[PDB]
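Chemist: One structure, pasted below without further comment.
2 protein chains.
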Amino acid sequence: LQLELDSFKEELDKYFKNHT
Amino acid sequence: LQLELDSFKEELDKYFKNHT
């Protein structure tokens, strides 16, 4: 569970990077 | 797990659209 949670957290930053 | 992860992804997608 922790690895996929970290992967989802990493994917979360993609939308923040694309918003700029 | 995958279905609820996709649901969380779809919910996350709404916050960036609401922020704009």
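Protein chains in written order, with the deposited numbering: chain B, 1141 to 1160; chain A, 1141 to 1160.
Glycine is no exception: its CB is placed at the ideal position from the N, C-alpha and C atoms.
What is the C-beta distance between A:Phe1156 and B:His1159, in whole angstroms, given that I count them as a contact (C-beta under 8 Å)?
Modeler: One-based indexing of the second sequence puts residue 1156 of chain A at position 16. One-based indexing of the first sequence puts residue 1159 of chain B at position 19. Yes, A:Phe1156 and B:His1159 are in contact; Cβ-Cβ is about 6 Å, under 8 Å.
Chemist: Would you mind giving the Cβ-Cβ distance between B:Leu1141 and A:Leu1152, rounded to the nearest angstrom? I have them listed as a contact below 8 Å.
Modeler: Taking the first residue of the first sequence as 1, we reach residue 1141 of chain B at position 1. Taking the first residue of the second sequence as 1, we reach residue 1152 of chain A at position 12. So it is not a contact: roughly 18 Å between Cβ atoms.
Chemist: Three-state secondary structure (DSSP) at B:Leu1141?
Modeler: Counting from one through the first sequence, the residue named residue 1141 of chain B turns up at place 1. In the structure shown, B:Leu1141 sits in coil (DSSP, three-state: anything other than H, G, I, E or B).
Chemist: Name, please, each residue of chain A whose Cβ falls closer than 8 Å to the Cβ of B:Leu1152.
Modeler: Along the first sequence, read from residue 1 onward, the residue named residue 1152 of chain B stands at position 12. Going along chain A in sequence order, the residues near B:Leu1152 (Cβ under 8 Å) are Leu1152.
Chemist: In chain B, which residues lie less than 7 Å from A:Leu1143 when you measure between Cβ atoms?
Modeler: Taking the first residue of the second sequence as 1, we reach residue 1143 of chain A at position 3. Ordered by position in chain B, no residue passes the 7 Å Cβ test against A:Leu1143, which lies about 13 Å from the chain.
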